[PDB]
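Quick look at input30.csv (CSV, N, CA and C atoms and all ligand atoms):
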```csv
chain,number,residue,atom,x,y,z
A,1,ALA,N,47.0,-5.3,40.6
A,1,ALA,CA,47.0,-6.1,39.4
A,1,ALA,C,45.5,-6.1,39.0
A,2,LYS,N,45.1,-6.4,37.8
A,2,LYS,CA,43.8,-6.2,37.3
A,2,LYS,C,43.4,-7.6,36.7
A,3,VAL,N,42.2,-8.1,37.0
A,3,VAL,CA,41.9,-9.4,36.4
A,3,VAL,C,40.5,-9.2,35.9
A,4,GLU,N,40.3,-9.6,34.7
A,4,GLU,CA,39.0,-9.5,34.0
A,4,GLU,C,38.2,-10.8,34.3
A,5,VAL,N,37.0,-10.7,34.7
A,5,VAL,CA,36.2,-11.9,35.1
A,5,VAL,C,35.2,-12.0,34.0
A,6,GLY,N,35.3,-13.1,33.2
A,6,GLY,CA,34.3,-13.4,32.1
A,6,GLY,C,34.7,-12.6,30.9
A,7,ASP,N,33.9,-12.7,29.8
A,7,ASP,CA,34.1,-11.9,28.6
A,7,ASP,C,32.7,-11.6,28.0
A,8,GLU,N,32.7,-10.9,26.9
A,8,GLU,CA,31.5,-10.6,26.1
A,8,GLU,C,30.8,-11.8,25.5
A,9,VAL,N,31.5,-12.8,25.2
A,9,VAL,CA,31.0,-14.1,24.7
A,9,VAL,C,30.4,-15.0,25.7
A,10,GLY,N,30.5,-14.8,27.0
A,10,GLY,CA,29.9,-15.7,28.0
A,10,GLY,C,30.7,-16.9,28.4
A,11,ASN,N,32.1,-16.9,28.2
A,11,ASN,CA,32.9,-18.0,28.6
A,11,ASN,C,33.2,-17.9,30.1
A,12,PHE,N,33.4,-19.0,30.8
A,12,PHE,CA,33.5,-19.0,32.2
A,12,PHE,C,35.1,-19.1,32.5
A,13,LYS,N,35.7,-17.9,32.4
A,13,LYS,CA,37.2,-17.8,32.5
A,13,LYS,C,37.5,-16.5,33.2
A,14,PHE,N,38.7,-16.6,33.9
A,14,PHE,CA,39.3,-15.4,34.4
A,14,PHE,C,40.4,-15.1,33.4
A,15,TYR,N,40.7,-13.8,33.2
A,15,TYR,CA,41.6,-13.3,32.2
A,15,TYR,C,42.6,-12.3,32.9
A,16,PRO,N,43.9,-12.6,33.2
A,16,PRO,CA,44.5,-13.9,33.1
A,16,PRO,C,44.1,-14.8,34.3
A,17,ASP,N,44.4,-16.1,34.2
A,17,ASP,CA,44.0,-17.0,35.3
A,17,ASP,C,45.1,-17.3,36.2
A,18,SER,N,46.3,-16.6,36.1
A,18,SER,CA,47.4,-16.8,37.0
A,18,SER,C,48.0,-15.4,37.1
A,19,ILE,N,48.1,-14.8,38.3
A,19,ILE,CA,48.6,-13.5,38.5
A,19,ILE,C,49.6,-13.5,39.6
A,20,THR,N,50.7,-12.7,39.5
A,20,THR,CA,51.7,-12.7,40.6
A,20,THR,C,51.7,-11.2,41.1
A,21,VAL,N,51.6,-11.0,42.4
A,21,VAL,CA,51.5,-9.7,42.9
A,21,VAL,C,52.5,-9.6,44.1
A,22,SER,N,52.8,-8.4,44.5
A,22,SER,CA,53.6,-8.1,45.7
A,22,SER,C,52.6,-8.1,46.9
A,23,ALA,N,53.2,-8.4,48.1
A,23,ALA,CA,52.4,-8.3,49.4
A,23,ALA,C,51.6,-7.0,49.5
A,24,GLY,N,50.3,-7.2,49.8
A,24,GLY,CA,49.5,-6.0,50.0
A,24,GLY,C,49.1,-5.2,48.7
A,25,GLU,N,49.5,-5.7,47.5
A,25,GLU,CA,49.1,-5.1,46.2
A,25,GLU,C,47.6,-5.5,46.0
A,26,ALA,N,46.7,-4.6,45.8
A,26,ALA,CA,45.3,-4.9,45.5
A,26,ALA,C,45.2,-5.7,44.1
A,27,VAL,N,44.3,-6.7,44.1
A,27,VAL,CA,44.0,-7.4,42.9
A,27,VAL,C,42.5,-6.9,42.7
A,28,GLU,N,42.3,-6.2,41.6
A,28,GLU,CA,40.9,-5.7,41.3
A,28,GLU,C,40.4,-6.6,40.2
A,29,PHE,N,39.3,-7.3,40.5
A,29,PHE,CA,38.6,-8.2,39.6
A,29,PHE,C,37.4,-7.3,39.0
A,30,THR,N,37.3,-7.3,37.7
A,30,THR,CA,36.3,-6.5,37.0
A,30,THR,C,35.5,-7.4,36.1
A,31,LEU,N,34.2,-7.3,36.2
A,31,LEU,CA,33.3,-8.1,35.4
A,31,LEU,C,33.3,-7.6,33.9
A,32,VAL,N,33.4,-8.5,33.0
A,32,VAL,CA,33.3,-8.2,31.6
A,32,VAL,C,32.1,-9.0,31.1
A,33,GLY,N,31.1,-8.5,30.3
A,33,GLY,CA,30.0,-9.3,29.8
A,33,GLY,C,28.8,-9.2,30.7
A,34,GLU,N,27.8,-10.0,30.4
A,34,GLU,CA,26.6,-10.0,31.2
A,34,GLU,C,26.4,-11.2,32.1
A,35,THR,N,27.2,-12.3,32.0
A,35,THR,CA,27.1,-13.4,33.0
A,35,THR,C,27.7,-12.9,34.3
A,36,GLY,N,26.9,-13.0,35.4
A,36,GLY,CA,27.4,-12.6,36.7
A,36,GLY,C,28.4,-13.7,37.2
A,37,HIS,N,29.3,-13.3,38.0
A,37,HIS,CA,30.4,-14.3,38.5
A,37,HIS,C,30.8,-13.8,39.9
A,38,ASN,N,31.5,-14.6,40.6
A,38,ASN,CA,32.1,-14.0,41.8
A,38,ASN,C,33.5,-14.6,42.0
A,39,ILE,N,34.2,-14.3,43.2
A,39,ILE,CA,35.5,-14.8,43.4
A,39,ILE,C,35.6,-15.2,44.9
A,40,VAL,N,35.9,-16.4,45.1
A,40,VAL,CA,36.1,-17.0,46.5
A,40,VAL,C,37.4,-17.7,46.5
A,41,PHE,N,38.2,-17.5,47.5
A,41,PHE,CA,39.5,-18.2,47.7
A,41,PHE,C,39.3,-19.5,48.4
A,42,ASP,N,40.0,-20.5,47.9
A,42,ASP,CA,40.2,-21.8,48.6
A,42,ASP,C,41.1,-21.6,49.8
A,43,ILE,N,40.8,-22.2,50.9
A,43,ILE,CA,41.6,-22.1,52.1
A,43,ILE,C,42.5,-23.3,52.1
A,44,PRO,N,43.9,-23.2,52.0
A,44,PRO,CA,44.7,-24.4,52.0
A,44,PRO,C,44.5,-25.2,53.3
A,45,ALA,N,44.6,-26.5,53.2
A,45,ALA,CA,44.5,-27.4,54.4
A,45,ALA,C,45.7,-27.1,55.3
A,46,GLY,N,45.4,-26.9,56.5
A,46,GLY,CA,46.5,-26.7,57.5
A,46,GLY,C,47.0,-25.3,57.5
A,47,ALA,N,46.4,-24.4,56.7
A,47,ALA,CA,46.8,-23.0,56.7
A,47,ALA,C,46.7,-22.5,58.1
A,48,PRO,N,47.6,-21.6,58.6
A,48,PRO,CA,47.4,-20.9,59.8
A,48,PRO,C,46.2,-20.0,59.7
A,49,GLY,N,45.6,-19.8,60.9
A,49,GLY,CA,44.5,-19.0,61.1
A,49,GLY,C,44.7,-17.6,60.6
A,50,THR,N,45.8,-17.0,60.6
A,50,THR,CA,46.0,-15.6,60.0
A,50,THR,C,45.7,-15.6,58.5
A,51,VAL,N,46.2,-16.7,57.8
A,51,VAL,CA,46.1,-16.8,56.4
A,51,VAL,C,44.6,-17.2,56.1
A,52,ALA,N,44.0,-18.1,56.8
A,52,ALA,CA,42.6,-18.4,56.6
A,52,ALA,C,41.8,-17.2,56.8
A,53,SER,N,42.0,-16.3,57.8
A,53,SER,CA,41.3,-15.1,57.9
A,53,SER,C,41.5,-14.1,56.7
A,54,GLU,N,42.7,-14.0,56.2
A,54,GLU,CA,43.0,-13.1,55.1
A,54,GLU,C,42.2,-13.5,53.9
A,55,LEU,N,42.3,-14.8,53.6
A,55,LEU,CA,41.6,-15.4,52.4
A,55,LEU,C,40.1,-15.2,52.5
A,56,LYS,N,39.5,-15.5,53.7
A,56,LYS,CA,38.1,-15.2,53.8
A,56,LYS,C,37.7,-13.7,53.6
A,57,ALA,N,38.6,-12.8,54.1
A,57,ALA,CA,38.3,-11.4,53.9
A,57,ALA,C,38.6,-11.0,52.4
A,58,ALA,N,39.3,-11.8,51.7
A,58,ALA,CA,39.6,-11.5,50.3
A,58,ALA,C,38.5,-12.2,49.4
A,59,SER,N,37.5,-12.9,50.0
A,59,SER,CA,36.6,-13.6,49.2
A,59,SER,C,35.2,-12.9,49.2
A,60,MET,N,34.5,-13.0,48.1
A,60,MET,CA,33.1,-12.6,48.0
A,60,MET,C,32.3,-13.6,48.8
A,61,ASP,N,31.2,-13.0,49.3
A,61,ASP,CA,30.3,-13.8,50.0
A,61,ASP,C,29.6,-14.7,49.0
A,62,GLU,N,29.5,-16.0,49.1
A,62,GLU,CA,28.9,-16.7,48.0
A,62,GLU,C,27.4,-16.3,47.6
A,63,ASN,N,26.8,-15.3,48.3
A,63,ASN,CA,25.4,-14.9,47.9
A,63,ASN,C,25.6,-13.5,47.2
A,64,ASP,N,26.8,-13.3,46.6
A,64,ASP,CA,27.1,-12.0,46.0
A,64,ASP,C,27.6,-12.4,44.6
A,65,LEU,N,27.3,-11.6,43.6
A,65,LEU,CA,27.7,-11.8,42.3
A,65,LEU,C,28.0,-10.4,41.8
A,66,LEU,N,29.1,-10.3,41.0
A,66,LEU,CA,29.4,-9.1,40.3
A,66,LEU,C,28.3,-8.9,39.3
A,67,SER,N,27.9,-7.7,39.0
A,67,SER,CA,26.8,-7.4,38.0
A,67,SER,C,27.2,-6.1,37.4
A,68,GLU,N,26.6,-5.5,36.4
A,68,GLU,CA,27.2,-4.2,35.9
A,68,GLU,C,26.9,-3.1,36.9
A,69,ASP,N,26.0,-3.4,37.8
A,69,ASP,CA,25.7,-2.5,38.9
A,69,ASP,C,26.8,-2.6,40.0
A,70,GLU,N,27.4,-3.7,40.2
A,70,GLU,CA,28.4,-4.0,41.2
A,70,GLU,C,29.5,-4.6,40.4
A,71,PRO,N,30.3,-3.9,39.5
A,71,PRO,CA,31.2,-4.5,38.5
A,71,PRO,C,32.5,-4.9,39.0
A,72,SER,N,33.0,-4.5,40.2
A,72,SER,CA,34.3,-4.9,40.6
A,72,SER,C,34.4,-5.3,42.1
A,73,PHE,N,35.5,-6.1,42.4
A,73,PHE,CA,35.8,-6.6,43.7
A,73,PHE,C,37.3,-6.4,43.9
A,74,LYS,N,37.7,-6.0,45.1
A,74,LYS,CA,39.2,-5.7,45.3
A,74,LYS,C,39.6,-6.6,46.5
A,75,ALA,N,40.7,-7.4,46.3
A,75,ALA,CA,41.2,-8.3,47.3
A,75,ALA,C,42.7,-8.0,47.6
A,76,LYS,N,43.1,-8.1,48.9
A,76,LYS,CA,44.5,-7.8,49.3
A,76,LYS,C,44.9,-9.0,50.1
A,77,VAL,N,46.0,-9.7,49.8
A,77,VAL,CA,46.6,-10.8,50.5
A,77,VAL,C,48.1,-10.4,50.8
A,78,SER,N,48.4,-10.4,52.1
A,78,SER,CA,49.8,-10.0,52.5
A,78,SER,C,50.7,-11.2,52.7
A,79,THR,N,50.3,-12.5,52.9
A,79,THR,CA,51.1,-13.6,53.1
A,79,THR,C,51.7,-14.2,51.9
A,80,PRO,N,53.0,-14.3,51.6
A,80,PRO,CA,53.6,-15.1,50.5
A,80,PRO,C,53.1,-16.5,50.4
A,81,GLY,N,52.8,-16.9,49.2
A,81,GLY,CA,52.4,-18.2,48.9
A,81,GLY,C,51.5,-18.2,47.6
A,82,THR,N,51.0,-19.3,47.1
A,82,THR,CA,50.2,-19.4,46.0
A,82,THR,C,48.8,-19.8,46.5
A,83,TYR,N,47.7,-19.2,46.0
A,83,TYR,CA,46.4,-19.5,46.5
A,83,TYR,C,45.5,-19.6,45.3
A,84,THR,N,44.6,-20.6,45.3
A,84,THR,CA,43.6,-20.8,44.2
A,84,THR,C,42.3,-20.0,44.5
A,85,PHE,N,41.7,-19.4,43.5
A,85,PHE,CA,40.4,-18.8,43.7
A,85,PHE,C,39.5,-19.3,42.6
A,86,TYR,N,38.2,-19.3,42.9
A,86,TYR,CA,37.2,-19.9,41.9
A,86,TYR,C,35.9,-19.0,41.9
A,87,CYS,N,35.1,-19.3,40.9
A,87,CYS,CA,33.8,-18.6,40.9
A,87,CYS,C,32.8,-19.6,41.4
A,88,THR,N,31.9,-19.3,42.4
A,88,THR,CA,30.9,-20.2,42.8
A,88,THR,C,29.9,-20.8,41.8
A,89,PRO,N,29.1,-20.1,41.0
A,89,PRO,CA,28.2,-20.6,40.0
A,89,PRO,C,28.9,-21.6,39.1
A,90,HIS,N,30.2,-21.2,38.6
A,90,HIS,CA,30.8,-22.0,37.5
A,90,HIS,C,32.1,-22.8,37.9
A,91,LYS,N,32.1,-23.1,39.2
A,91,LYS,CA,33.2,-23.9,39.8
A,91,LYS,C,33.3,-25.3,39.1
A,92,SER,N,32.2,-26.0,38.9
A,92,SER,CA,32.3,-27.3,38.2
A,92,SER,C,32.7,-27.1,36.7
A,93,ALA,N,32.6,-25.9,36.2
A,93,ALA,CA,33.1,-25.6,34.8
A,93,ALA,C,34.6,-25.2,34.8
A,94,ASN,N,35.3,-25.4,35.9
A,94,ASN,CA,36.7,-25.1,36.1
A,94,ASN,C,37.0,-23.6,35.9
A,95,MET,N,36.1,-22.7,36.3
A,95,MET,CA,36.4,-21.3,36.3
A,95,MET,C,37.2,-21.0,37.7
A,96,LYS,N,38.5,-21.1,37.5
A,96,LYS,CA,39.4,-20.9,38.6
A,96,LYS,C,40.7,-20.2,38.1
A,97,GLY,N,41.4,-19.7,39.1
A,97,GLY,CA,42.7,-19.0,38.8
A,97,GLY,C,43.6,-19.2,40.0
A,98,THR,N,44.9,-18.8,39.8
A,98,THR,CA,45.9,-18.8,40.9
A,98,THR,C,46.4,-17.4,41.2
A,99,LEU,N,46.7,-17.1,42.4
A,99,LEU,CA,47.3,-15.8,42.8
A,99,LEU,C,48.6,-16.2,43.5
A,100,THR,N,49.8,-15.7,43.0
A,100,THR,CA,51.0,-15.9,43.7
A,100,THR,C,51.4,-14.6,44.4
A,101,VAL,N,51.6,-14.6,45.7
A,101,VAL,CA,51.9,-13.4,46.4
A,101,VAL,C,53.5,-13.5,46.7
A,102,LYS,N,54.2,-12.5,46.3
A,102,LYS,CA,55.7,-12.5,46.5
A,102,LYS,C,55.9,-11.7,47.8
H,201,CU,CU,31.4,-17.6,37.0
```
Please, can you express the file's structure as structure tokens?
Ligand SMILES: [Cu+2]
Amino acid sequence: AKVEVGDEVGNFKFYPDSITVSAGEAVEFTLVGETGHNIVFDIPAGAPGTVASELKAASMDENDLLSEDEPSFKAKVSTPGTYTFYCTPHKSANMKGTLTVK
């Protein structure tokens, strides 16, 4: 699945902000525009340790930002469920999305 992160106008949005994928399908996030952004998954409370580890592996390090030098990030989540992801710099500006894994 492909998700665009930001736009040419500098809005703090994921495009689209709700994606549904099959187990193990890569989600490629690609930066659009010049504002750097990243993608970090929220870990659901009470998630099993295998899901917590998958989500951490599918998250950017919060000291990492996409830039036109590092324009994409690829995440794979195998466990069925819905998961929220957010951008660290623009979290308070509600730059967040949902990933449903079938
Ligand atoms: Cu951002």
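Among the candidates A:8, A:69, A:39, A:20, the residue lying nearest to residue 91 (chain A) is A:39 (atoms considered: only C-alpha atoms).
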Which is closest to residue 31 (chain A) among A:63, A:70, A:51, A:44, if we use only N, CA and C atoms?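 Closest residue, counting only N, CA and C atoms: A:70.
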Hey, which bits of chain A sit within 7 Å of ligand CU 201 (chain H), and for each residue what's the closest pair of atoms and how far apart in Å (one decimal), counting all atoms listed in the file, rows by chain and increasing number, as a tab-separated table?
```
residue	atom	partner	partner_atom	distance
A:12	CA	H:CU201	CU	5.4
A:13	N	H:CU201	CU	6.3
A:35	C	H:CU201	CU	6.6
A:36	C	H:CU201	CU	4.9
A:37	CA	H:CU201	CU	3.8
A:38	N	H:CU201	CU	4.7
A:86	C	H:CU201	CU	6.8
A:87	CA	H:CU201	CU	4.7
A:88	N	H:CU201	CU	5.7
A:89	C	H:CU201	CU	5.2
A:90	N	H:CU201	CU	4.1
A:91	N	H:CU201	CU	6.0
A:95	CA	H:CU201	CU	6.3
```
Taking only chain A into account, list the residues labelled alpha helix (DSSP H) by DSSP (computed from the backbone), as a PyMOL selection string. chain A and resi 49-57
Counting only N, CA and C atoms, which residues have an atom no more than 6 Å from (41.1, -22.3, 43.3) in the file's coordinates? Please list them as number ranges by chain. A: 42, 83-86, 96-97
With N, CA and C atoms kept, could you save the residues just selected as a tab-separated table (two decimals), in the coordinates of the input?
```
chain	number	residue	atom	x	y	z
A	42	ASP	N	40.00	-20.50	47.90
A	42	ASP	CA	40.20	-21.80	48.60
A	42	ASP	C	41.10	-21.60	49.80
A	83	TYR	N	47.70	-19.20	46.00
A	83	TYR	CA	46.40	-19.50	46.50
A	83	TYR	C	45.50	-19.60	45.30
A	84	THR	N	44.60	-20.60	45.30
A	84	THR	CA	43.60	-20.80	44.20
A	84	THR	C	42.30	-20.00	44.50
A	85	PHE	N	41.70	-19.40	43.50
A	85	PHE	CA	40.40	-18.80	43.70
A	85	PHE	C	39.50	-19.30	42.60
A	86	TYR	N	38.20	-19.30	42.90
A	86	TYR	CA	37.20	-19.90	41.90
A	86	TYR	C	35.90	-19.00	41.90
A	96	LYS	N	38.50	-21.10	37.50
A	96	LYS	CA	39.40	-20.90	38.60
A	96	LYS	C	40.70	-20.20	38.10
A	97	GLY	N	41.40	-19.70	39.10
A	97	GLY	CA	42.70	-19.00	38.80
A	97	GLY	C	43.60	-19.20	40.00
```
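When only C-alpha atoms are used to compute distances to residue 3 (chain A), the closest of the residues A:22, A:72, A:53, A:82 turns out to be A:72.
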Using only C-alpha atoms, which residue out of A:24, A:81, A:33, A:49 lies closest to residue 66 (chain A)? A:33
From a backbone DSSP assignment, name each residue in chain A labelled strand (DSSP E), as a PyMOL selection string. chain A and resi 2-5+14-15+18-21+27-31+40-41+72-75+81-86+96-101
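Remark: for residue 9 (chain A), the closest of the candidate residues A:21, A:26, A:32, A:99 is A:32 (distances computed over only N, CA and C atoms).
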Tell me, in Å to one decimal, how far CA of residue 80 (chain A) is from CA of residue 45 (chain A). 15.8 Å
From the list A:47, A:75, A:5, A:11, the nearest residue to residue 30 (chain A) using all atoms listed in the file is A:5
Could you work out how far atom C of residue 76 (chain A) lies from atom N of residue 41 (chain A), giving the answer in Å with one decimal? 11.1 Å
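Of note, CA of residue 100 (chain A) and CA of residue 19 (chain A) are spaced 6.2 Å apart.
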Mind listing as a PDB file with N, CA and C atoms, in the coordinates of the input all residues within 6.5 Å of (42.1, -14.2, 49.7), counting only N, CA and C atoms?
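Below is the file part-v5.pdb, written as the result:
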```pdb
ATOM      1  N   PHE A  41      38.200 -17.500  47.500  1.00  0.00           N
ATOM      2  CA  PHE A  41      39.500 -18.200  47.700  1.00  0.00           C
ATOM      3  C   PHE A  41      39.300 -19.500  48.400  1.00  0.00           C
ATOM      4  N   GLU A  54      42.700 -14.000  56.200  1.00  0.00           N
ATOM      5  CA  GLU A  54      43.000 -13.100  55.100  1.00  0.00           C
ATOM      6  C   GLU A  54      42.200 -13.500  53.900  1.00  0.00           C
ATOM      7  N   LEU A  55      42.300 -14.800  53.600  1.00  0.00           N
ATOM      8  CA  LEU A  55      41.600 -15.400  52.400  1.00  0.00           C
ATOM      9  C   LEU A  55      40.100 -15.200  52.500  1.00  0.00           C
ATOM     10  N   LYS A  56      39.500 -15.500  53.700  1.00  0.00           N
ATOM     11  CA  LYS A  56      38.100 -15.200  53.800  1.00  0.00           C
ATOM     12  C   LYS A  56      37.700 -13.700  53.600  1.00  0.00           C
ATOM     13  N   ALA A  57      38.600 -12.800  54.100  1.00  0.00           N
ATOM     14  CA  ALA A  57      38.300 -11.400  53.900  1.00  0.00           C
ATOM     15  C   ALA A  57      38.600 -11.000  52.400  1.00  0.00           C
ATOM     16  N   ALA A  58      39.300 -11.800  51.700  1.00  0.00           N
ATOM     17  CA  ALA A  58      39.600 -11.500  50.300  1.00  0.00           C
ATOM     18  C   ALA A  58      38.500 -12.200  49.400  1.00  0.00           C
ATOM     19  N   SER A  59      37.500 -12.900  50.000  1.00  0.00           N
ATOM     20  CA  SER A  59      36.600 -13.600  49.200  1.00  0.00           C
ATOM     21  C   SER A  59      35.200 -12.900  49.200  1.00  0.00           C
ATOM     22  N   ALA A  75      40.700  -7.400  46.300  1.00  0.00           N
ATOM     23  CA  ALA A  75      41.200  -8.300  47.300  1.00  0.00           C
ATOM     24  C   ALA A  75      42.700  -8.000  47.600  1.00  0.00           C
ATOM     25  N   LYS A  76      43.100  -8.100  48.900  1.00  0.00           N
ATOM     26  CA  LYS A  76      44.500  -7.800  49.300  1.00  0.00           C
ATOM     27  C   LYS A  76      44.900  -9.000  50.100  1.00  0.00           C
ATOM     28  N   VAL A  77      46.000  -9.700  49.800  1.00  0.00           N
ATOM     29  CA  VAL A  77      46.600 -10.800  50.500  1.00  0.00           C
ATOM     30  C   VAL A  77      48.100 -10.400  50.800  1.00  0.00           C
TER      31      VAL A  77
END
```
For region 47-67 of chain A, supply N, CA, C and O atoms and report the output as a short mmCIF file (atom, residue, chain, number, x, y, z; two decimals), in the coordinates of the input.
```
data_model
loop_
_atom_site.label_atom_id
_atom_site.label_comp_id
_atom_site.auth_asym_id
_atom_site.auth_seq_id
_atom_site.Cartn_x
_atom_site.Cartn_y
_atom_site.Cartn_z
N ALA A 47 46.40 -24.40 56.70
CA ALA A 47 46.80 -23.00 56.70
C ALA A 47 46.70 -22.50 58.10
O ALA A 47 45.76 -22.84 58.83
N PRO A 48 47.60 -21.60 58.60
CA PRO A 48 47.40 -20.90 59.80
C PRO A 48 46.20 -20.00 59.70
O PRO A 48 45.80 -19.47 58.68
N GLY A 49 45.60 -19.80 60.90
CA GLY A 49 44.50 -19.00 61.10
C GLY A 49 44.70 -17.60 60.60
O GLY A 49 43.66 -17.03 60.14
N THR A 50 45.80 -17.00 60.60
CA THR A 50 46.00 -15.60 60.00
C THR A 50 45.70 -15.60 58.50
O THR A 50 45.09 -14.70 57.94
N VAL A 51 46.20 -16.70 57.80
CA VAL A 51 46.10 -16.80 56.40
C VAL A 51 44.60 -17.20 56.10
O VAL A 51 44.05 -16.52 55.16
N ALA A 52 44.00 -18.10 56.80
CA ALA A 52 42.60 -18.40 56.60
C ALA A 52 41.80 -17.20 56.80
O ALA A 52 40.87 -16.96 55.93
N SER A 53 42.00 -16.30 57.80
CA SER A 53 41.30 -15.10 57.90
C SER A 53 41.50 -14.10 56.70
O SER A 53 40.56 -13.46 56.30
N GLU A 54 42.70 -14.00 56.20
CA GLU A 54 43.00 -13.10 55.10
C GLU A 54 42.20 -13.50 53.90
O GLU A 54 41.70 -12.68 53.19
N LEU A 55 42.30 -14.80 53.60
CA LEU A 55 41.60 -15.40 52.40
C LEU A 55 40.10 -15.20 52.50
O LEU A 55 39.49 -14.83 51.49
N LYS A 56 39.50 -15.50 53.70
CA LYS A 56 38.10 -15.20 53.80
C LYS A 56 37.70 -13.70 53.60
O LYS A 56 36.78 -13.43 52.89
N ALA A 57 38.60 -12.80 54.10
CA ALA A 57 38.30 -11.40 53.90
C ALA A 57 38.60 -11.00 52.40
O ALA A 57 38.09 -9.95 51.97
N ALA A 58 39.30 -11.80 51.70
CA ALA A 58 39.60 -11.50 50.30
C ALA A 58 38.50 -12.20 49.40
O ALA A 58 38.73 -12.28 48.18
N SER A 59 37.50 -12.90 50.00
CA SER A 59 36.60 -13.60 49.20
C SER A 59 35.20 -12.90 49.20
O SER A 59 34.87 -12.18 50.13
N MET A 60 34.50 -13.00 48.10
CA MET A 60 33.10 -12.60 48.00
C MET A 60 32.30 -13.60 48.80
O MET A 60 32.55 -14.75 48.92
N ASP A 61 31.20 -13.00 49.30
CA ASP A 61 30.30 -13.80 50.00
C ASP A 61 29.60 -14.70 49.00
O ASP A 61 29.26 -14.13 47.95
N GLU A 62 29.50 -16.00 49.10
CA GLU A 62 28.90 -16.70 48.00
C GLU A 62 27.40 -16.30 47.60
O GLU A 62 26.83 -16.91 46.71
N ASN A 63 26.80 -15.30 48.30
CA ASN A 63 25.40 -14.90 47.90
C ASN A 63 25.60 -13.50 47.20
O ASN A 63 24.71 -12.64 47.19
N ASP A 64 26.80 -13.30 46.60
CA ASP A 64 27.10 -12.00 46.00
C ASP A 64 27.60 -12.40 44.60
O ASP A 64 28.30 -13.40 44.41
N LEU A 65 27.30 -11.60 43.60
CA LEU A 65 27.70 -11.80 42.30
C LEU A 65 28.00 -10.40 41.80
O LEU A 65 27.41 -9.44 42.22
N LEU A 66 29.10 -10.30 41.00
CA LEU A 66 29.40 -9.10 40.30
C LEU A 66 28.30 -8.90 39.30
O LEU A 66 27.72 -9.82 38.70
N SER A 67 27.90 -7.70 39.00
CA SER A 67 26.80 -7.40 38.00
C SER A 67 27.20 -6.10 37.40
O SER A 67 28.11 -5.43 37.97
#
```
